[PDB]
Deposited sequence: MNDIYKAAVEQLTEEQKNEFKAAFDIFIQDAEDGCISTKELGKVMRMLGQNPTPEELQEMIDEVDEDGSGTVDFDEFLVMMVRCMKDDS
């Protein structure tokens, strides 16, 4: 994987990566799909307790995407969003 994403992903513990993967998997047909849609991305993030704004989701999609989000792109968006807690 990409090494920048590697700068985001190193922030996560193994418990975190596994918890996030179980949540992401709810939103794909495991047997046939690697990506969630941009509408599902807000849903998965909220399922992990994040509350991104729609303007945020668009920005993140613009900046992170290498319409759709695979697991490593999702991890980077999670890491980004986890840092805007107050």
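Comparing the deposited sequence with the modelled residues shows one gap only, at 67-69, with numbering starting at 1.
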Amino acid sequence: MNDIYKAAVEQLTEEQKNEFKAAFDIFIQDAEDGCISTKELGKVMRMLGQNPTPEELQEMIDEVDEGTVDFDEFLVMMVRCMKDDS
From here on, numbers count along this sequence of modelled residues.
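Look at the mean CA B-factor for 13-21 and for 72-80 in the entry; the higher one is 13-21. Looking at the C-alpha B-factors along this chain, the one for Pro54 belongs to the highest third. Ranked by Cα temperature factor within the chain, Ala31 sits in the highest third according to the deposited record.
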